[PDB]
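One structure below.
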Number of protein chains: 10
Amino acid sequence: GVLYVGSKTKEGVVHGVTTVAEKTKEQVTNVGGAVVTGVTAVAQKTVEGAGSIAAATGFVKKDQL
Amino acid sequence: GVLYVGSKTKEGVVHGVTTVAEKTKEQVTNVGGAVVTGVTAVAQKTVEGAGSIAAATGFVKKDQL
Amino acid sequence: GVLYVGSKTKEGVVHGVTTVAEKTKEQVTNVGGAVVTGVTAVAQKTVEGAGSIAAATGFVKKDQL
Amino acid sequence: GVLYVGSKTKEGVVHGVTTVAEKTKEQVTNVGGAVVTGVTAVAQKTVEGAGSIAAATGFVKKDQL
Amino acid sequence: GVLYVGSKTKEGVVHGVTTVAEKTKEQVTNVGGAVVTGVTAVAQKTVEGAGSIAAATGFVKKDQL
Amino acid sequence: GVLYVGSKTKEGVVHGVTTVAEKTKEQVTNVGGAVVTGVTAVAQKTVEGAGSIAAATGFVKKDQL
Amino acid sequence: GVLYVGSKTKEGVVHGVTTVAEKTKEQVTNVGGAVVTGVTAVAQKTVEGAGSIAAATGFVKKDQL
Amino acid sequence: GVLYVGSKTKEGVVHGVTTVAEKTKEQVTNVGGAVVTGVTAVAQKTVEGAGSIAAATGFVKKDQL
Amino acid sequence: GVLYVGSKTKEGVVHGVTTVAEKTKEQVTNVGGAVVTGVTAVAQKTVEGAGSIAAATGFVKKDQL
Amino acid sequence: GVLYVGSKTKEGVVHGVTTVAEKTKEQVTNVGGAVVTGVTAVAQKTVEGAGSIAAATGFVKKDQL
């Protein structure tokens, strides 16, 4: 069991990520893959089970078992 | 069991992500894949089960088992 | 069992994501894939079951099992 | 069982996502895929069942099992 | 069972997403796919059943099992 | 003299001031003065003349010359 | 004289001041003065004349010349 | 004289001041003065004349000449 | 005289001042003066004249000439 | 005279001052003076005239000439 009393629990918390990103003449050319160019924020508590993937940012899988 | 009393629990919380992104003459050319260019925010608590994927941002899978 | 008393639980909460994105002469050319260029916000609690996918932003799958 | 008393639970909540997005001469040319360019907000509690997909924003699937 | 007493539960709630989006000379040319360019807001509680899809914004499926 | 040609002049312009102000149990007790608690927006071009006051927000004067 | 040609002049311009101000149990007690608690935005071009005051926010004067 | 050609002049410009100010149990007690507690934005170009005051935020004067 | 050609002049410009100010149990007690507790932004170009004051934030004067 | 050609002049410019100020149990007690506790940003170009004061933040004067 789990018991909290009068507590202030902050679990999986992302506070105030400030970004001032100035670019000029940007070019991106992806080809059949995965690209992430930006602010990201993932918060998780519990992930269970055989063969599990959690908060996969930019994941690429080619499986041929 | 789980018991809280008088608590302030903040689970899976994303607070105030501020972005000031100035670009000029941006170009993107994706070809048959996955691209993410932006502010993202995912909050999760519980994920269960065999073969599970949670909060997959930019995920690419080619499976031929 | 789960029991809360007098609590303030904030589960899976996305608060005030502020974006000031100024662009000029943007071009995007996707071809048969997945593209995300924008503010996103996903909040989830519980996902269950074998072979589950949760909050998939930009997901690409080609399965030929 | 689940029991709350005098609580203030905020589950799966997206509060006040403010966007000031100024563009000029934008062009988008999608071809047979999935594109998302905008503010999105998804809130979910419970998803159950084998082979489940939840809050899929930009999802692309080609399955030939 | 589930029992609430004197509570203020806010489940699956999207509050006040403000957008001031100024564009000039925008062009979009989709071809046989899925495009979303706008403010979206989806709120859900419960989704059940084998082979379920919930809050699918921009979903594309070609299945030939 | 003043001459404009083909111009886009934006003089004294206040664009899109967004406010999400959540309060709880506020109390104000003014006594014989000046109080401003709110969003304000004043735009002016030209003010002329001896002894002039322009866009006075919260002004208090007791003059006994 | 003043002459503009094909220009884009932005004079005295306040663009998109975003505020997310959350308070709880605020109290204010002014007594015979000047108080400003809020978002303010003043834009001015020209003020002329002996003894001039422009965009006075919170001004207090007691003159007994 | 003043002459602009094909220019982009941004004079007296305040762009996107973002504030996320969370307080709890604030108290203010002013007595016969000047108080400013908030976001302010003043833009001015030209102020002329003997004995001039411009963009006075929180000004207090007691003159007995 | 002043002449610009094809220029991009940014005079008196305040860009994107981001503040995430979290307080708890704040108290202020002013007595017959000047107090400023907040984000401020003043932009000015030209101020002229004998005995001039410009962008005075928190100014206090007692003159008895 | 002054002449610019094809230039990018940034005069009196304050760019992106980011502040994450967390306090707890703050107390301020001013008495008949001047106090500034906050983010400030002043931009000026030209100030002229005998007996001039520019961008005075926290100024206190008692003159009895």
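Please note that chains go A, B, ... in the order of the structure tokens, that every chain numbers its residues from 1, and that ligands are numbered from 1 in the order shown.
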Exercise for the section: Would you kindly return, as a ChimeraX atom specification, each protein, DNA or RNA residue with an atom no farther than 9 Å from any atom of segment 12-18 of chain I, considering only C-alpha atoms and excluding same-chain residues fewer than 5 positions away? Expected result: /A:18,20 /B:18,20 /C:20 /G:17 /H:10-20,43 /I:39,41-45 /J:10-20,39,41-45
Next, dump the selected residues to file, keeping only C-alpha atoms, as a PDB file, in the first residue's frame.
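Once written, out-v6.pdb looks like this:
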ATOM      1  CA  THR A  18      11.276  28.847 -22.012  1.00  0.00           C
ATOM      2  CA  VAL A  20      13.638  32.027 -27.626  1.00  0.00           C
TER       3      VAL A  20
ATOM      4  CA  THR B  18       6.730  29.400 -23.344  1.00  0.00           C
ATOM      5  CA  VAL B  20       9.088  32.681 -28.903  1.00  0.00           C
TER       6      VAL B  20
ATOM      7  CA  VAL C  20       4.534  33.344 -30.153  1.00  0.00           C
TER       8      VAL C  20
ATOM      9  CA  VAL G  17       1.400  40.869 -24.395  1.00  0.00           C
TER      10      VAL G  17
ATOM     11  CA  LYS H  10       9.990  49.574 -36.102  1.00  0.00           C
ATOM     12  CA  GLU H  11      10.095  52.584 -33.766  1.00  0.00           C
ATOM     13  CA  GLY H  12       8.901  52.397 -30.173  1.00  0.00           C
ATOM     14  CA  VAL H  13       7.739  48.784 -30.378  1.00  0.00           C
ATOM     15  CA  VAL H  14       7.068  46.327 -27.550  1.00  0.00           C
ATOM     16  CA  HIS H  15       6.692  42.765 -28.824  1.00  0.00           C
ATOM     17  CA  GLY H  16       5.175  39.847 -26.945  1.00  0.00           C
ATOM     18  CA  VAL H  17       5.978  40.235 -23.234  1.00  0.00           C
ATOM     19  CA  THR H  18       4.801  36.902 -21.810  1.00  0.00           C
ATOM     20  CA  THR H  19       4.177  36.549 -18.077  1.00  0.00           C
ATOM     21  CA  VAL H  20       3.133  33.486 -16.086  1.00  0.00           C
ATOM     22  CA  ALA H  43       5.624  53.250 -26.447  1.00  0.00           C
TER      23      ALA H  43
ATOM     24  CA  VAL I  39       7.199  43.653 -15.577  1.00  0.00           C
ATOM     25  CA  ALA I  41       8.618  48.017 -20.769  1.00  0.00           C
ATOM     26  CA  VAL I  42       9.120  51.597 -21.993  1.00  0.00           C
ATOM     27  CA  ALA I  43      10.234  52.561 -25.507  1.00  0.00           C
ATOM     28  CA  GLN I  44      10.999  56.152 -26.496  1.00  0.00           C
ATOM     29  CA  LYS I  45      12.633  58.044 -29.353  1.00  0.00           C
TER      30      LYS I  45
ATOM     31  CA  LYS J  10      19.177  47.871 -34.120  1.00  0.00           C
ATOM     32  CA  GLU J  11      19.312  50.946 -31.873  1.00  0.00           C
ATOM     33  CA  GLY J  12      18.131  50.871 -28.271  1.00  0.00           C
ATOM     34  CA  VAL J  13      16.943  47.263 -28.368  1.00  0.00           C
ATOM     35  CA  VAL J  14      16.265  44.892 -25.468  1.00  0.00           C
ATOM     36  CA  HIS J  15      15.859  41.299 -26.638  1.00  0.00           C
ATOM     37  CA  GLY J  16      14.329  38.446 -24.670  1.00  0.00           C
ATOM     38  CA  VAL J  17      15.149  38.936 -20.973  1.00  0.00           C
ATOM     39  CA  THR J  18      13.955  35.653 -19.450  1.00  0.00           C
ATOM     40  CA  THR J  19      13.342  35.414 -15.706  1.00  0.00           C
ATOM     41  CA  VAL J  20      12.286  32.416 -13.624  1.00  0.00           C
ATOM     42  CA  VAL J  39      11.831  43.105 -14.495  1.00  0.00           C
ATOM     43  CA  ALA J  41      13.254  47.387 -19.752  1.00  0.00           C
ATOM     44  CA  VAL J  42      13.766  50.946 -21.030  1.00  0.00           C
ATOM     45  CA  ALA J  43      14.876  51.855 -24.560  1.00  0.00           C
ATOM     46  CA  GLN J  44      15.650  55.430 -25.602  1.00  0.00           C
ATOM     47  CA  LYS J  45      17.284  57.274 -28.489  1.00  0.00           C
TER      48      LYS J  45
END
Practice task
Write out as a VMD selection string the residues lying within 10 Å of residue 33 of chain D, counting only C-alpha atoms and excluding same-chain residues fewer than 2 positions away.
Solution key: (chain B and resid 31 to 33) or (chain C and resid 30 to 35) or (chain D and resid 30 to 31 35 58 to 61) or (chain E and resid 30 to 35 58 to 61)
Backbone-only DSSP, strand (DSSP E) members of chain A, as an mmCIF file with N, CA and C atoms, in the first residue's frame:
data_model
loop_
_atom_site.group_PDB
_atom_site.id
_atom_site.type_symbol
_atom_site.label_atom_id
_atom_site.label_comp_id
_atom_site.auth_asym_id
_atom_site.auth_seq_id
_atom_site.Cartn_x
_atom_site.Cartn_y
_atom_site.Cartn_z
ATOM 1 N N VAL A 2 0.214 2.382 -0.359
ATOM 2 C CA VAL A 2 0.865 3.687 -0.371
ATOM 3 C C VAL A 2 -0.036 4.671 0.359
ATOM 4 N N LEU A 3 0.549 5.457 1.260
ATOM 5 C CA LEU A 3 -0.212 6.402 2.062
ATOM 6 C C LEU A 3 0.549 7.713 2.148
ATOM 7 N N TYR A 4 -0.096 8.803 1.742
ATOM 8 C CA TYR A 4 0.445 10.145 1.899
ATOM 9 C C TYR A 4 -0.433 10.918 2.870
ATOM 10 N N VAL A 5 0.185 11.815 3.634
ATOM 11 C CA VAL A 5 -0.543 12.647 4.587
ATOM 12 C C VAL A 5 0.024 14.057 4.528
ATOM 13 N N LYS A 10 5.157 16.187 -6.270
ATOM 14 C CA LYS A 10 5.197 16.654 -7.655
ATOM 15 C C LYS A 10 5.921 15.573 -8.449
ATOM 16 N N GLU A 11 5.161 14.638 -9.011
ATOM 17 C CA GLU A 11 5.717 13.504 -9.738
ATOM 18 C C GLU A 11 5.554 13.717 -11.238
ATOM 19 N N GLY A 12 6.633 13.494 -11.986
ATOM 20 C CA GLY A 12 6.593 13.642 -13.426
ATOM 21 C C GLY A 12 6.089 15.006 -13.837
ATOM 22 N N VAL A 13 6.851 16.047 -13.514
ATOM 23 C CA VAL A 13 6.426 17.429 -13.683
ATOM 24 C C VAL A 13 7.478 18.166 -14.492
ATOM 25 N N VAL A 14 7.038 18.889 -15.516
ATOM 26 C CA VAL A 14 7.910 19.711 -16.344
ATOM 27 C C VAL A 14 7.431 21.148 -16.214
ATOM 28 N N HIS A 15 8.245 21.997 -15.600
ATOM 29 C CA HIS A 15 7.838 23.360 -15.285
ATOM 30 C C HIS A 15 8.553 24.347 -16.197
ATOM 31 N N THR A 19 11.868 29.053 -24.352
ATOM 32 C CA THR A 19 12.734 28.997 -25.519
ATOM 33 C C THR A 19 12.537 30.249 -26.355
ATOM 34 N N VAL A 20 13.633 30.920 -26.675
ATOM 35 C CA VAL A 20 13.638 32.027 -27.626
ATOM 36 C C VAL A 20 14.600 31.615 -28.734
ATOM 37 N N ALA A 21 14.069 30.969 -29.766
ATOM 38 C CA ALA A 21 14.868 30.399 -30.848
ATOM 39 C C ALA A 21 14.630 31.227 -32.106
ATOM 40 N N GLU A 22 15.622 32.028 -32.480
ATOM 41 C CA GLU A 22 15.568 32.818 -33.703
ATOM 42 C C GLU A 22 16.443 32.162 -34.761
ATOM 43 N N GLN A 27 16.536 25.154 -43.584
ATOM 44 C CA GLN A 27 16.098 24.160 -44.551
ATOM 45 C C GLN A 27 16.235 22.779 -43.934
ATOM 46 N N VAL A 28 15.199 21.961 -44.082
ATOM 47 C CA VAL A 28 15.209 20.584 -43.613
ATOM 48 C C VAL A 28 14.690 19.698 -44.734
ATOM 49 N N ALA A 34 12.824 9.687 -39.210
ATOM 50 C CA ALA A 34 12.179 10.384 -38.108
ATOM 51 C C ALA A 34 13.014 11.596 -37.735
ATOM 52 N N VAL A 35 12.381 12.766 -37.699
ATOM 53 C CA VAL A 35 13.049 14.015 -37.361
ATOM 54 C C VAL A 35 12.193 14.772 -36.357
ATOM 55 N N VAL A 36 12.836 15.304 -35.321
ATOM 56 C CA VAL A 36 12.178 16.146 -34.331
ATOM 57 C C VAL A 36 13.008 17.410 -34.163
ATOM 58 N N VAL A 42 7.389 15.408 -22.153
ATOM 59 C CA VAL A 42 6.652 14.183 -21.863
ATOM 60 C C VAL A 42 6.755 13.900 -20.371
ATOM 61 N N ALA A 43 5.620 13.593 -19.749
ATOM 62 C CA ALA A 43 5.556 13.251 -18.335
ATOM 63 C C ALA A 43 4.802 11.940 -18.176
ATOM 64 N N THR A 46 3.730 5.401 -14.881
ATOM 65 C CA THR A 46 3.794 3.953 -14.764
ATOM 66 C C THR A 46 3.618 3.335 -16.138
ATOM 67 N N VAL A 47 4.525 2.430 -16.487
ATOM 68 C CA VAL A 47 4.456 1.667 -17.724
ATOM 69 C C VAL A 47 4.810 0.228 -17.385
ATOM 70 N N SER A 52 7.627 -3.297 -23.754
ATOM 71 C CA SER A 52 7.012 -1.988 -23.607
ATOM 72 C C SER A 52 7.985 -0.894 -24.018
ATOM 73 N N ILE A 53 7.443 0.173 -24.596
ATOM 74 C CA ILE A 53 8.210 1.351 -24.975
ATOM 75 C C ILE A 53 7.481 2.579 -24.448
ATOM 76 N N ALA A 54 8.210 3.453 -23.763
ATOM 77 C CA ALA A 54 7.632 4.616 -23.108
ATOM 78 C C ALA A 54 8.349 5.884 -23.544
ATOM 79 N N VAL A 60 12.956 4.790 -34.155
ATOM 80 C CA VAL A 60 12.913 4.133 -35.459
ATOM 81 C C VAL A 60 13.190 2.654 -35.241
ATOM 82 N N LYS A 61 12.296 1.801 -35.727
ATOM 83 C CA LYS A 61 12.421 0.360 -35.557
ATOM 84 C C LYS A 61 12.129 -0.339 -36.870
ATOM 85 N N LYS A 62 13.020 -1.242 -37.271
ATOM 86 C CA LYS A 62 12.755 -2.178 -38.358
ATOM 87 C C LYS A 62 13.079 -3.572 -37.846
ATOM 88 N N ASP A 63 12.047 -4.344 -37.523
ATOM 89 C CA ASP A 63 12.202 -5.661 -36.923
ATOM 90 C C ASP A 63 11.648 -6.710 -37.873
#
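Here atom CA of residue 9 of chain I and atom CA of residue 8 of chain F stand 15.3 Å from one another.
Pairwise distance (atom CA of residue 1 of chain I, atom CA of residue 50 of chain G) equals 26.1 Å.
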Practice task
Report the distance between atom CA of residue 7 of chain B and atom CA of residue 48 of chain B in Å, rounded to one decimal place.
Solution key: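 Computed distance, atom CA of residue 7 of chain B to atom CA of residue 48 of chain B, equals 26.2 Å.
The residue set within 6 Å of residue 26 of chain D, counting only C-alpha atoms and dropping same-chain residues fewer than 4 places from it, reads residues 25, 26 and 27 of chain C; 26 of chain E.
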